[PDB]
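Colleague: experimental structure and sequence below.
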Amino acid sequence: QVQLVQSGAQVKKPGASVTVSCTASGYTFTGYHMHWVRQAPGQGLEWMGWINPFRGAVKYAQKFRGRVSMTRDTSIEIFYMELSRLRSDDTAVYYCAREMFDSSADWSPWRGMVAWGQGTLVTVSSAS
Amino acid sequence: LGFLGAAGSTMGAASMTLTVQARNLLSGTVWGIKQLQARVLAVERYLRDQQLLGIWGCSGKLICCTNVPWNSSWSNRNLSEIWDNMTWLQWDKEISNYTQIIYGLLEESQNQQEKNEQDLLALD
Amino acid sequence: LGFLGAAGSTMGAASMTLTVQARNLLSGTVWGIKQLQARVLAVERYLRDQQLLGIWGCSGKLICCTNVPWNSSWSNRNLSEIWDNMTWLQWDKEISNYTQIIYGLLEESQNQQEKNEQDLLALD
Amino acid sequence: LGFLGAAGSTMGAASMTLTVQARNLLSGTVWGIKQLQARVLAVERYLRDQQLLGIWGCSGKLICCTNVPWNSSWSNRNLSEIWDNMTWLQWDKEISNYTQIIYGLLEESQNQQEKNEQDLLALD
Amino acid sequence: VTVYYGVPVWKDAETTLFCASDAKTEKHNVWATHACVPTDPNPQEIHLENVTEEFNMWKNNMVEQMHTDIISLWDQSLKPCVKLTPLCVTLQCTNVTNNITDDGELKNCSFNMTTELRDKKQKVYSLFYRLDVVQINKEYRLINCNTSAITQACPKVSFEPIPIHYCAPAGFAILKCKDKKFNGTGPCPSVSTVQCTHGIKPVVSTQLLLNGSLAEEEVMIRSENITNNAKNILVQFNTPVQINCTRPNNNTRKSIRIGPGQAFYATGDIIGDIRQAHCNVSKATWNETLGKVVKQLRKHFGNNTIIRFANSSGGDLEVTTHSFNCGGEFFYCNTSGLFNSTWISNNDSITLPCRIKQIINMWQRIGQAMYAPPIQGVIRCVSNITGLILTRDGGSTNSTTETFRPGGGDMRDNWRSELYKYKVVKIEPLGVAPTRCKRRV
Amino acid sequence: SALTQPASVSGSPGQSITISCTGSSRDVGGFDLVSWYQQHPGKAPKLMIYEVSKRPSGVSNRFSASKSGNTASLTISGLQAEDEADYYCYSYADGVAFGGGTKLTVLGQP
Ligand SMILES: *[C@@H]1O[C@H](CO)[C@@H](O[C@@H]2O[C@H](CO)[C@@H](O[C@@H]3O[C@H](CO)[C@@H](O)[C@H](O[C@@H]4O[C@H](CO)[C@@H](O)[C@H](O)[C@@H]4O)[C@@H]3O)[C@H](O)[C@H]2NC(C)=O)[C@H](O)[C@H]1NC(C)=O
Ligand SMILES: *[C@@H]1O[C@H](CO)[C@@H](O[C@@H]2O[C@H](CO)[C@@H](O[C@@H]3O[C@H](CO)[C@@H](O)[C@H](O[C@H]4O[C@H](CO)[C@@H](O)[C@H](O)[C@@H]4O)[C@@H]3O)[C@H](O)[C@H]2NC(C)=O)[C@H](O)[C@H]1NC(C)=O
Ligand SMILES: *[C@@H]1O[C@H](CO)[C@@H](O[C@@H]2O[C@H](CO)[C@@H](O[C@H]3O[C@H](CO)[C@@H](O)[C@H](O)[C@@H]3O)[C@H](O)[C@H]2NC(C)=O)[C@H](O)[C@H]1NC(C)=O
Ligand SMILES: *[C@@H]1O[C@H](CO)[C@@H](O[C@H]2O[C@H](CO)[C@@H](O[C@H]3O[C@H](CO)[C@@H](O)[C@H](O)[C@@H]3O)[C@H](O)[C@H]2NC(C)=O)[C@H](O)[C@H]1NC(C)=O
Ligand SMILES: *[C@@H]1O[C@H](CO)[C@@H](O[C@@H]2O[C@H](CO)[C@@H](O)[C@H](O)[C@H]2NC(C)=O)[C@H](O)[C@H]1NC(C)=O
Ligand SMILES: *[C@@H]1O[C@H](CO)[C@@H](O[C@@H]2O[C@H](CO)[C@@H](O)[C@H](O)[C@H]2NC(C)=O)[C@H](O)[C@H]1NC(C)=O
Ligand SMILES: *[C@@H]1O[C@H](CO)[C@@H](O[C@@H]2O[C@H](CO)[C@@H](O)[C@H](O)[C@H]2NC(C)=O)[C@H](O)[C@H]1NC(C)=O
Ligand SMILES: *[C@@]1(*)O[C@H](CO)[C@@H](O[C@@H]2O[C@H](CO)[C@@H](O)[C@H](O)[C@H]2NC(C)=O)[C@H](O)[C@H]1NC(C)=O
Ligand SMILES: *[C@@H]1O[C@H](CO)[C@@H](O)[C@H](O)[C@H]1NC(C)=O
Ligand SMILES: *[C@@H]1O[C@H](CO)[C@@H](O)[C@H](O)[C@H]1NC(C)=O
Ligand SMILES: *[C@@H]1O[C@H](CO)[C@@H](O)[C@H](O)[C@H]1NC(C)=O
Ligand SMILES: *[C@@H]1O[C@H](CO)[C@@H](O)[C@H](O)[C@H]1NC(C)=O
Ligand SMILES: *[C@@H]1O[C@H](CO)[C@@H](O)[C@H](O)[C@H]1NC(C)=O
Ligand SMILES: *[C@@H]1O[C@H](CO)[C@@H](O)[C@H](O)[C@H]1NC(C)=O
Ligand SMILES: *[C@@H]1O[C@H](CO)[C@@H](O)[C@H](O)[C@H]1NC(C)=O
Ligand SMILES: *[C@@H]1O[C@H](CO)[C@@H](O)[C@H](O)[C@H]1NC(C)=O
Ligand SMILES: *[C@@H]1O[C@H](CO)[C@@H](O)[C@H](O)[C@H]1NC(C)=O
Ligand SMILES: *[C@@H]1O[C@H](CO)[C@@H](O)[C@H](O)[C@H]1NC(C)=O
Ligand SMILES: *[C@@H]1O[C@H](CO)[C@@H](O)[C@H](O)[C@H]1NC(C)=O
Ligand SMILES: *[C@@H]1O[C@H](CO)[C@@H](O)[C@H](O)[C@H]1NC(C)=O
Ligand SMILES: *[C@@H]1O[C@H](CO)[C@@H](O)[C@H](O)[C@H]1NC(C)=O
Ligand SMILES: *[C@@H]1O[C@H](CO)[C@@H](O)[C@H](O)[C@H]1NC(C)=O
Ligand SMILES: *[C@@H]1O[C@H](CO)[C@@H](O)[C@H](O)[C@H]1NC(C)=O
């Protein structure tokens, strides 16, 4: 089976840093790329980055470079998505999307990312 | 011209270079087992080639003759435009369409037909 | 009729299936080491058989004759009651006691002779 | 006289014992991998010898005439002074320097000429 | 019809390729060549004309064979050496450095270790590196103590990349694309055959192809497809770049006993000043090499666009930095200064921090780790840089600027840099032909 | 978003409609990696189709999609109740980009 269990919802203050976990199960961990997708409630769909589990190669988005930081731990088979310098617009639910084909495919890291996680909603509000 | 020396030369000039690559077809613990399996594969493929040649109505090396006509569907051209205007690579690229049944009929209608009446007209 | 296919066929028709088993004779870590051992054994047996065909005065397939005499010891019987009364199975079962000496005779008495007078007559 | 029996015998007599050693050129974990390696070496060497014997234009055994002139320089002797004076051992010892050029020249100049005009004379 | 035996026919195929090495120094079965057969003394390289072959270095199956072969050879040469399962033990470890930032990066750990006699136990000390141990809750322990089994590379063998020739067996020939302007895919005007390849140094490196082949007098930017950012961009230089890689620390090797018959080589006191390795590259020569490579890069993206170089994005230490070996141990140079230039339209040496890491889990096989032994004395080596494993960052709606960052990780790119101009084809000397001849009856 | 999408499409079940994911000459006509997504309200998006003129497994044949040059199109057949969700067009051009979103109504009011 394929299940991408994430962490629970978190409440943050603007200017802080937020990290979220997304564990993978039931497939070869070091052969499938993992897209991280962020969704603010009610608007369009955007993208964090994709991690190659083999050697941890990453590639971020132009508008998130300098803020996002993604790592992983192969031994425990989980994914990490750390976002810092939070802004009021960053209040959203984050999705981790496992890809469909193996990393050695022709267009593997740009495929449809069939498998998706449950999603963690982070609330970044000036209210305390 | 060495191994595969006349690879691009015309067939008429390539008719005399059969020898070099007929000769060089034999070349005389892990990381050492590769040598063993490679040489076994080499000898087995050499025997494929020799057995295919022998079972055909040739039993002769680098050249033979036969009694089967030319099917009128296999690249119907003239002698000049096949023997002087073309090289083996392009030809066997445009001829791999029936090579299987080319060999099938070249063995059936020769070994079990021509060699059949060989057996008969020597048995008569 | 496939490999060993016309085994039960009488030699009148079994003489025409020889090319089938000639073509399929060599059939074109542990649990994988057996593959290598089996393939090298197949190669060795095939080349032993080809060598026996070679040291004999045949140098060909499916047929060869010779000048060495036949022995009554070898299933003394007339042509009809050995080519139409039995197959190769029973006959071999009754002649698989002379195979070494029959091979030796039909080898030395002509290869050590008939090729020698052939060279001598070409030497004139 | 058995495998390598008449080694010291005169070449005229040695011509009659070629087949007894041509017959025995195939002879049918660690400390057992040696058997596999040895049999692979033996079979590959025998196939190298057969490839040489066939590419030279005879494909026959124990006797192979040709159409390439043997210049007197290499021999520097006469028919009696070669076939009687010395056996094959010291003959090879005194000739084991040209065998490369001997083989290459008698193979090329024989095949790629005689076989080519043989196809030509059958082309008419 | 008429069949010919020995017809000049080759077809694309895959087969097991054996090796051949120079006879020139056994050094107790050097990692690269132990049972490798002697190379051909005279490498007959045969040239061809009227020859056109569809080369494809990315669909080439030779590189996969060499990668698996290197994996198996490393495991085989690493198997009989000393197991380091008793090093998993609580390390009472303390800082060494008095002045602030005189050098972490040097940890003096005192621990227990079972001696020759199982009844007795000995108290020993060693100088580990920060990247080699992690803190447990100060008490430290080996970083790969909970995920694999540490195995010391027995120091009798060396890590020298020896030139290796992979030579195809009988019936298989290796085609060499000898033309100058070779892209990586398509017909090759000058195809030449050879028994087997030149001397390949199986170096292990990322972001810089050390001691590679630089015969390409042009900086040919290669990749399986330019438009795909996520696929690494292969670069091969023409002018070598000199590099002075040094480990100024003078380490002494202490043979701590883990007998019976087992030795654990631990670092003794660093006799001399405590320093960190620095990987120097001449600023000028590196500048002009970058100028050449960017001039050639502009041929793949527009006519004139901004090309920006930046430090590695992120990932494992073996990817964010420059992994390699110098004289017997593995260490990394962040090369954050070699990629910081941004170019729009158009004497000293740059110095890079370099961090030692004895324990290594290269190739990311969790089933086995490794412990590189310390090397006595100062380690100094000079290598030549012939290529960059760059990766292109994602573009935008209007990509007037394109930023190139170092990549690597997957070692197959390292091997493709030496096997781009080679491929194996099997021979099919059987082939029919039309003739006027006629066999007799 | 680099991809422009229709706001919403309305109708009854049973007929056939098309969802035009028009884009630029460098995104839909430039490549051939255009895909379509299905996001239930409050549920993580699912892959409703593999790519242009390409259907994957786990989905019904009712989703037939292609690209008409500069205007990629998703045509859903056999309109039914379960289709009631939000559909996101997904193309491929360097850094990954996503469509704004295509709402749809079935067997209900516009
Ligand atoms: C690219 O190619 C470079 C040139 O070959 C190479 O750099 C040289 O590499 C050699 C081999 O590693 C270095 O020499 C050895 O170094 C080790 C470690 O110091 C020594 O143990 C070894 O033997 C000793 O040498 C001592 C004198 O140096 C001597 O007193 C001892 O008795 C003993 O013989 C060698 O000296 C050499 O120093 C490197 N640099 C130079 C100046 O040539 C690069 O490493 C290579 N790069 C890669 C990535 O492969
Ligand atoms: C084998 O041993 C290794 C080495 O000890 C071990 O590696 C560690 O695994 C743990 C997870 O099991 C990692 O822990 C995480 O690290 C990330 C780093 O960014 C943290 O973000 C994680 O969360 C903490 O930090 C956040 C910061 O914003 C906090 O918000 C959050 O509340 C947490 O405090 C978390 O700590 C750890 O980094 C690695 N590496 C090291 C050096 O410890 C590996 O897991 C072991 N394998 C097994 C199967 O035991
Ligand atoms: C890492 O810690 C080691 C243990 O503290 C240290 O080595 C030990 O240092 C002490 C001095 O601090 C030495 O003490 C002995 O020195 C001489 C030896 O003849 C005499 O004065 C006494 O015998 C005295 O006890 C230890 O001999 C020495 N080694 C051992 C085995 O304990 C290392 O130097 C430290 N390494 C670094 C680089 O900090
Ligand atoms: C390898 O990389 C190619 C691009 O270098 C891929 O291609 C596809 O995408 C390019 C644009 O990036 C298209 O290029 C132009 O083609 C013609 C003009 O020659 C026009 O359609 C238009 O100007 C395009 O921009 C390619 O046409 C397009 N190819 C296909 C088949 O759709 C290519 O797909 C990629 N992978 C492979 C397997 O080759
Ligand atoms: C090796 O094992 C011994 C087991 O006793 C450790 O000994 C103890 O060490 C602590 C400090 O770490 C002392 O407080 C105890 O009194 C010691 N016990 C005895 C009986 O000596 C020893 O420390 C271990 N080695 C190291 C380097 O810590
Ligand atoms: C690329 O450069 C950035 C700085 O622009 C590096 O990030 C800093 O690295 C130092 C040293 O490790 C840290 O002290 C800082 O806290 C880091 N800053 C941030 C914002 O993370 C980064 O490590 C460099 N990358 C590489 C691979 O060299
Ligand atoms: C590393 O340090 C050791 C210890 O100083 C050097 O070995 C010798 O040390 C003695 C005592 O200081 C000196 O008298 C010798 O001259 C040293 N050896 C030599 C050859 O000079 C060792 O040489 C040092 N290694 C390096 C490469 O600096
Ligand atoms: C290579 O990149 C590293 C960061 O990954 C640089 O590290 C510096 O580390 C010191 C602390 O030791 C910080 O004060 C600096 O700010 C760091 N610099 C950067 C750019 O992050 C390292 O200097 C880089 N090496 C170069 C530029 O050659
Ligand atoms: C190449 O073609 C020319 C055509 O005239 C021919 O003379 C030459 O022998 C050929 N040689 C090779 C190596 O193909
Ligand atoms: C040759 O083979 C082709 C195969 O299509 C067949 O049509 C033809 O009749 C055969 N014989 C001749 C004389 O062409
Ligand atoms: C003959 O068959 C081969 C193998 O299918 C093919 O590559 C070649 O193009 C064909 N030639 C034709 C159809 O003329
Ligand atoms: C069975 O044996 C008879 C014996 O006369 C023979 O004629 C016939 O062909 C054989 N049939 C087969 C299929 O072997
Ligand atoms: C044939 O050989 C046998 C011995 O194998 C011998 O008894 C017999 O006389 C020989 N000749 C004939 C005609 O049988
Ligand atoms: C060997 O001799 C026996 C004598 O009874 C005979 O039955 C047998 O068929 C002969 N050949 C063999 C064993 O194949
Ligand atoms: C040895 O030489 C002598 C010379 O007279 C000859 O009679 C004898 O038969 C030879 N022996 C062999 C085994 O050739
Ligand atoms: C015979 O003549 C040919 C051609 O000149 C030469 O290659 C060969 O070595 C000569 N060998 C002798 C002396 O038999
Ligand atoms: C082979 O011939 C060369 C040239 O005459 C000579 O130097 C060499 O000694 C010969 N080798 C022998 C007779 O074994
Ligand atoms: C001592 O070791 C700790 C380990 O975390 C390190 O943070 C610290 O900087 C080191 N030095 C001092 C002076 O505490
Ligand atoms: C082939 O060469 C051309 C330039 O002649 C280049 O544009 C193209 O990208 C190359 N193809 C590959 C994939 O190497
Ligand atoms: C590195 O050291 C060697 C040996 O002293 C020297 O030849 C080389 O020029 C140095 N590197 C540079 C870039 O100057
Ligand atoms: C490289 O050299 C040019 C002059 O040719 C200079 O403008 C530029 O700043 C240099 N770049 C670096 C990084 O030194
Ligand atoms: C690289 O260039 C940037 C340009 O802003 C500069 O800030 C940085 O210090 C440079 N790095 C090095 C090591 O020269
Ligand atoms: C390649 O590196 C070596 C040192 O490892 C150096 O001597 C050589 O000059 C460099 N490149 C070339 C071919 O000049």
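Modeller: Perfect, I can see it now. Residues are numbered from 1 along each chain as shown, chains lettered A, B, ... in the order given. Ligands and ions are numbered 1, 2, ... in the order given.

Colleague: I'd guessed residue B:61 sits against residue D:59; true?
Modeller: Yes - contact status for residue B:61 versus residue D:59: in contact at 6.4 Å, counting by Cβ atoms under 8 Å. Every residue, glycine included, has its C-beta placed from N, CA and C.

Colleague: those two: which is more packed in?
Modeller: Just comparing residue B:61 and residue D:59: by other Cβ atoms under 10 Å in any protein chain shown the higher neighbour count belongs to residue B:61, 24 against 16.

Colleague: sec struct for the more buried one, please.
Modeller: Using DSSP: H, G, I helix; E, B strand; the rest coil, the secondary structure recorded for residue B:61 is coil.

Colleague: so who does residue A:87 touch?
Modeller: A:14, A:124 (Cβ atoms under 8 Å, 6 or more residues apart in numbering or on different chains).

Colleague: partner residues bridging the residue positioned nearest the centre of chain A?
Modeller: Central residue of chain A (Cα atoms, centre = their mean): residue A:36, 3.0 Å from the mean position. Legend: beta-bridge partners of residue A:36 under DSSP bridges are residue A:49, residue A:96.

Colleague: you'd agree it is up against residue A:98?
Modeller: No - look at residue A:36 against residue A:98 with Cβ under 8 Å: they stay out of range, at 10.6 Å.

Colleague: burial of residue 86, as a residue count?
Modeller: Assuming you mean chain A. 18.

Colleague: actually chain F
Modeller: 16.

Colleague: one more: residue F:54?
Modeller: 14.

Colleague: measure it to ligand 12 for me?
Modeller: 53 Å (Cβ to the nearest ligand atom, to the nearest Å).

Colleague: that residue and chain A: what is the separation?
Modeller: 10 Å (Cβ to the nearest Cβ, to the nearest Å).

Colleague: list the residues that contact that residue.
Modeller: If you count contacts by Cβ under 8 Å, 6+ apart, then residue F:54 has nothing around it.

Colleague: so what sits opposite it in the bridge?
Modeller: residue F:51.

Colleague: tell me who's in contact with residue 51.
Modeller: You didn't say which chain, so I picked chain A. Counting by Cβ under 8 Å, 6+ apart, residue A:51 has contacts A:33-34, A:36, A:57-58, A:70-72, A:79.

Colleague: the intended chain is chain F.
Modeller: So residue F:51 contacts A:112, F:32-35 (Cβ under 8 Å, 6+ apart).

Colleague: and the residue sitting nearest the centre point of chain F, what element?
Modeller: Geometric centre of chain F, nearest residue: residue F:36, 4.3 Å, by Cα atoms, centre = their mean. Per DSSP states H and E: residue F:36 is located in strand F:35-39.

Colleague: how about the CA coordinates for the top strand by length along chain E, as CSV?
Modeller: The longest strand of chain E (DSSP state E) is strand E:233-251. Coordinates of each C-alpha in strand E:233-251 appear next as CSV, following Å, rounded to 0.1, in the frame of the first residue of the first chain:
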residue,chain,number,x,y,z
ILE,E,233,23.8,18.7,-17.0
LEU,E,234,27.1,17.1,-17.9
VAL,E,235,30.1,19.4,-18.7
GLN,E,236,33.5,18.3,-19.9
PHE,E,237,36.4,20.8,-20.0
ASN,E,238,39.2,21.2,-22.5
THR,E,239,41.8,22.9,-20.3
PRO,E,240,42.5,21.2,-17.0
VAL,E,241,42.1,23.1,-13.8
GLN,E,242,44.8,22.5,-11.2
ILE,E,243,43.7,22.0,-7.6
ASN,E,244,45.9,21.8,-4.4
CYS,E,245,44.1,19.6,-1.9
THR,E,246,45.9,19.3,1.4
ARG,E,247,45.2,18.0,4.9
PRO,E,248,47.6,20.0,7.0
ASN,E,249,46.9,18.2,10.2
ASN,E,250,49.7,15.7,11.0
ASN,E,251,47.8,12.6,12.3
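
Colleague: next SSE after it?
Modeller: Following strand E:233-251 toward the C-terminus (DSSP H and E): strand E:253-257.

Colleague: now that following strand: buried residues?
Modeller: By neighbour count, with 16 or more other Cβ atoms under 10 Å in any protein chain shown as the criterion, the buried positions of strand E:253-257 are E:254, E:256.

Colleague: near ligand 7 at all, the helix or strand just after that strand?
Modeller: Heading C-terminal from strand E:253-257, the first helix or strand you meet, by DSSP H and E, is strand E:263-267. No - contact of strand E:263-267 with ligand 7 (Cβ under 6 Å from any ligand atom) is absent, the minimum separation being 12.6 Å.

Colleague: quick one: strands adjacent to strand E:263-267?
Modeller: Assessed with DSSP bridges, strand E:263-267 is paired to strand E:253-257 (antiparallel).

Colleague: for the closest residue to chain D within chain A, what are its contacts?
Modeller: Per Cβ to the nearest Cβ, residue A:28 is where chain A lies closest to chain D, at 34.5 Å. Contacts here follow Cβ under 8 Å, 6+ apart; on that basis residue A:28 touches nothing.

Colleague: let's check: the centremost residue of chain B is which one?
Modeller: Nearest to the geometric centre of chain B sits residue B:53, at 6.8 Å (Cα atoms, centre = their mean).

Colleague: quick one: the residue in chain B that ligand 9 sits nearest to from residue E:48, how far?
Modeller: Nearest residue of chain B to ligand 9, counting by Cβ to the nearest ligand atom: residue B:8, 3.2 Å away. According to Cβ to Cβ, to the nearest Å, residue B:8 stands 6 Å off from residue E:48.

Colleague: please identify which of the two sits among more neighbours.
Modeller: For the pair residue B:8 and residue E:48, the greater number of neighbours falls to residue E:48 (23 against 18), based on other Cβ under 10 Å.

Colleague: next, that one: phi, psi?
Modeller: phi -130, psi 150 (degrees, to the nearest 10).

Colleague: ok, which stretches of chain B are helices?
Modeller: All helices of chain B, identified by DSSP state H, fall at B:11-14, B:18-23, B:33-55, B:80-83, B:88-93, B:99-109, B:115-123.

Colleague: would you turn these into a markdown table with distance to residue C:81?
Modeller: Shown next, in a markdown table, are the helices of chain B (distance: least, Cβ to Cβ, whole Å):
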| stretch | distance to residue C:81 |
| --- | --- |
| helix B:11-14 | 56 |
| helix B:18-23 | 48 |
| helix B:33-55 | 33 |
| helix B:80-83 | 55 |
| helix B:88-93 | 52 |
| helix B:99-109 | 33 |
| helix B:115-123 | 19 |
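
Colleague: would you mind finding the most buried of the ones you listed?
Modeller: Most buried of the helices of chain B, by mean neighbour count (mean count of other Cβ atoms under 10 Å in any protein chain shown): helix B:18-23, with a mean of 21.

Colleague: any bit of that one sitting next to ligand 9?
Modeller: No - applying Cβ under 6 Å from any ligand atom, one finds helix B:18-23 separated from ligand 9 by no less than 12.0 Å.

Colleague: list the contacts of the residue of chain B closest to ligand 9.
Modeller: Taking Cβ under 8 Å, 6+ apart, one finds B:87, B:89, E:48-52 in contact with residue B:8.

Colleague: how about it, phi and psi?
Modeller: Main-chain torsions, residue B:8, degrees, to the nearest 10: phi -100, psi -10.

Colleague: please name the nearest non-neighbouring residue to it.
Modeller: Leaving aside its sequence neighbours, residue B:8 sits nearest to residue E:50 (Cβ to Cβ, 6 or more residues apart in numbering or on different chains; 2.7 Å).

Colleague: the one you found and residue B:88 touch, don't they?
Modeller: No - assessed by Cβ under 8 Å, residue E:50 is found out of contact with residue B:88, at 10.7 Å.

Colleague: between the helices of chain B, which gets nearest to residue D:73?
Modeller: Comparing these by their distance to residue D:73 (Cβ to Cβ), the top pick is helix B:18-23, with 24.9 Å.
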